[PDB]
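**Q** First the structure, which I've put down as structure tokens, then a few questions once you've had a look.
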Amino acid sequence: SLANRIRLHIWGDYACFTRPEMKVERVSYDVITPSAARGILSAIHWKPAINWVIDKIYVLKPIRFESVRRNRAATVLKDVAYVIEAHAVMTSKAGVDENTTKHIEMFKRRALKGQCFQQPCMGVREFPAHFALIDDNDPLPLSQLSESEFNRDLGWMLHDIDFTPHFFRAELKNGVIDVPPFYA
């Protein structure tokens with residue numbers, strides 16, 4: 001539904017969504033994972049009553065990498081921006097009659113102020129994620145993606161972990177990655 005839906009514009013000069021299979025040195029995935037996106041949303045607003053579910057990731061800027069020094073080196077994304085489209089689900093630990101409305105409204109209110117509970121980051125603590133709510137009557141940023149980077153098979157990527165990793169087939173279709181339901 002439109003009532004249970006948020007859009008958050010995020011950007012940063014650097015990002016590192018670490019690929020789990022590359023163990024020698026830290027190497028980022030090509031785009032933000034659902035896992036990292038959900039972290040970013042939860043940093044703005046979270047309570048045990050709810051879980052944020054990622055629906056779409058809009059990729060706005062060309063995929064580019066730089067090797068940078070770790071305080072050792074890591075290969076990280078440079079100059080990223082996304083839109084995260086998500087909704088809330090109630091957990092088994094929610095109030096008997098509780099709904100998503102107050103949580104959606106609190107998320108948006110916090111986000112509009114540029115406020116956050118803990119600073120969101122782009123995959124690793126050293127890279128902060130700047131953010132802006134895309135409220136209902138604001139437009140989506142335009143993609144700056146190459147006609148030829150608009151559609152890309154990103155391959156198997158971490159969807160999320162149960163603290164046990166679960167992967168999904170990430171496909172960029174006209175600048176957007178649709179994220180399937182986490183559970184089987």
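By convention here, the chains of the structure tokens are called A, B, ... in the order presented, each chain's residues are numbered starting at 1, and ligands are numbered starting at 1 in the order presented.
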With a cut-off of 7 Å, could you pull out the residues of region 91-118 of chain A touching region 45-67 of chain A and give me the nearest pair of atoms for each, distance in Å to one decimal, using only C-alpha atoms, ordered by chain and ascending number, as a tab-separated table?
**A**
residue	atom	partner	partner_atom	distance
A:91	CA	A:49	CA	5.3
A:93	CA	A:49	CA	5.4
A:94	CA	A:49	CA	4.2
A:107	CA	A:45	CA	5.2
A:117	CA	A:45	CA	6.9
**Q** Once DSSP has gone over the backbone, tell me which residues of region 1-180 of chain A are in strand (DSSP E), as a ChimeraX atom specification.
**A** /A:6-15,26-27,50-59,65-69,73-90,130-133,152-161,165-173,176-178
**Q** Which residue is closest to residue 167 (chain A)? Choose from A:120, A:143, A:96, A:20 and count only C-alpha atoms.
**A**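 Nearest candidate to residue 167 (chain A) out of A:120, A:143, A:96, A:20: A:20.
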**Q** Near residue 16 (chain A), counting only C-alpha atoms, which residues have an atom at most 8 Å away, once you skip same-chain residues fewer than 5 positions from it, shown as a PyMOL selection string?
**A** chain A and resi 27-29+75-77+122-124+127
**Q** Between A:146, A:174, A:42, A:35, which one has atoms that come closest to residue 118 (chain A), using only C-alpha atoms?
**A**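 Counting only C-alpha atoms, the residue closest to residue 118 (chain A) is A:42.
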**Q** Could you tell me how far CA of residue 101 (chain A) sits from CA of residue 179 (chain A), in Å to one decimal place?
**A**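 According to the coordinates, CA of residue 179 (chain A) and CA of residue 101 (chain A) are separated by 22.6 Å.
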**Q** Which residues, written as a PyMOL selection string, have at least one atom at most 9 Å from residue 119 (chain A), with only C-alpha atoms counted and residues fewer than 3 positions away on the same chain left out?
**A** chain A and resi 40+43-44+115-116+125+128-130
**Q** Select, from A:89, A:181, A:172, A:39, the residue with the minimum atom-to-atom distance to residue 155 (chain A), counting only C-alpha atoms.
**A**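 Counting only C-alpha atoms, the residue closest to residue 155 (chain A) is A:172.
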**Q** Please report the interatomic distance between CA of residue 113 (chain A) and CA of residue 2 (chain A) in Å with one decimal.
**A** 21.7 Å
**Q** Please provide as JSON, numbers by chain all residues within 12 Å of residue 105 (chain A), with the sequence filter that same-chain residues fewer than 3 positions apart are discarded (counting only C-alpha atoms).
**A** {"A": [3, 4, 5, 6, 44, 45, 46, 87, 88, 99, 100, 101, 102, 108, 109, 110, 111, 112, 133, 135]}
**Q** One decimal, in Å: what's the spacing between CA of residue 170 (chain A) and CA of residue 80 (chain A)?
**A**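 CA of residue 80 (chain A) lies 17.5 Å from CA of residue 170 (chain A).
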**Q** Among region 2-182 of chain A, which ones does DSSP place in helix (DSSP H, G or I), written as a count of residues only?
**A** 23
**Q** Measuring atom to atom with only C-alpha atoms, identify which of A:177, A:83, A:183, A:37 is nearest to residue 141 (chain A).
**A** A:83
**Q** For residue 184 (chain A), which residue among A:166, A:104, A:171, A:12 is the nearest when counting only C-alpha atoms?
**A**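 Result for the nearest residue to residue 184 (chain A): A:166.
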**Q** When you look at residue 165 (chain A) with a cut-off of 12 Å (counting only C-alpha atoms), what residues show up, excluding the ones that are within fewer than 5 positions of it in the same chain? I need them as a ChimeraX atom specification.
**A** /A:19-21,35,156-160,182-183
**Q** Deliver the residues from the most recent selection as a file, using N, CA and C atoms, as a short mmCIF file (atom, residue, chain, number, x, y, z; two decimals), in the first residue's frame.
**A**
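Here's the written file part_34.cif:
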data_model
loop_
_atom_site.label_atom_id
_atom_site.label_comp_id
_atom_site.auth_asym_id
_atom_site.auth_seq_id
_atom_site.Cartn_x
_atom_site.Cartn_y
_atom_site.Cartn_z
N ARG A 19 32.01 -7.96 -0.07
CA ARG A 19 31.69 -9.27 -0.67
C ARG A 19 32.24 -10.37 0.28
N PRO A 20 31.42 -11.36 0.61
CA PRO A 20 31.88 -12.29 1.66
C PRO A 20 32.89 -13.31 1.16
N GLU A 21 32.86 -13.62 -0.13
CA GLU A 21 33.74 -14.65 -0.69
C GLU A 21 35.17 -14.18 -0.99
N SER A 35 20.61 -5.92 2.97
CA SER A 35 21.13 -5.95 4.34
C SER A 35 21.62 -4.57 4.80
N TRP A 156 24.87 -13.13 -7.94
CA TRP A 156 24.37 -13.51 -6.62
C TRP A 156 24.92 -12.55 -5.57
N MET A 157 24.05 -12.02 -4.73
CA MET A 157 24.48 -11.01 -3.76
C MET A 157 23.81 -11.38 -2.46
N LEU A 158 24.44 -11.01 -1.35
CA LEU A 158 23.81 -11.16 -0.05
C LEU A 158 22.49 -10.44 -0.04
N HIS A 159 21.42 -11.13 0.36
CA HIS A 159 20.14 -10.51 0.64
C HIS A 159 20.21 -10.05 2.13
N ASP A 160 20.34 -10.99 3.05
CA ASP A 160 20.51 -10.63 4.47
C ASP A 160 20.99 -11.85 5.24
N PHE A 182 12.39 -12.10 1.53
CA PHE A 182 13.51 -12.79 2.18
C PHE A 182 13.24 -14.26 2.47
N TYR A 183 12.04 -14.56 2.94
CA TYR A 183 11.67 -15.93 3.35
C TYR A 183 11.15 -16.84 2.23
#
